[PDB]
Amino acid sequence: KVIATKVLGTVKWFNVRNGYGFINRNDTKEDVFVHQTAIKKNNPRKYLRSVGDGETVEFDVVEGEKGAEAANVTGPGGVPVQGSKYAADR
């Protein structure tokens, strides 16, 4: 269930271990929760699913289990996300 569509955001921080983090909406300057499984287009050259700090993503703000969460996170245009510094190359 969608609150906002194809909104652009700047990833605030993402702990690759915990499997979640926050995306700051360029849209509204609000922080939005993001979980590893919401990453629709992951970097094919990284083992794990992650986003990197300072990275610009395109996502949907959906209603989640405990309030709003990000969904179908991709890069701008739908390109694969870049992924975290701490996720390893294949």
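Heads up: residue numbers just count along the shown sequence, starting at 1.
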Sort the modelled residues of this chain by their C-alpha B factor and say whether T74 lands in the lowest, middle or highest third. lowest
Taking the entry's C-alpha B-factors for this chain, is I3 in the lowest, middle or highest third? lowest
Against its chain's modelled residues, does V51's Cα B factor rank lowest, middle or highest third? highest
Ranking the modelled residues of this chain by C-alpha B-factor as given in the entry, is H35 in the lowest, middle or highest third? lowest
Position of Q82 among the chain's modelled residues by C-alpha B-factor, lowest, middle or highest third: highest
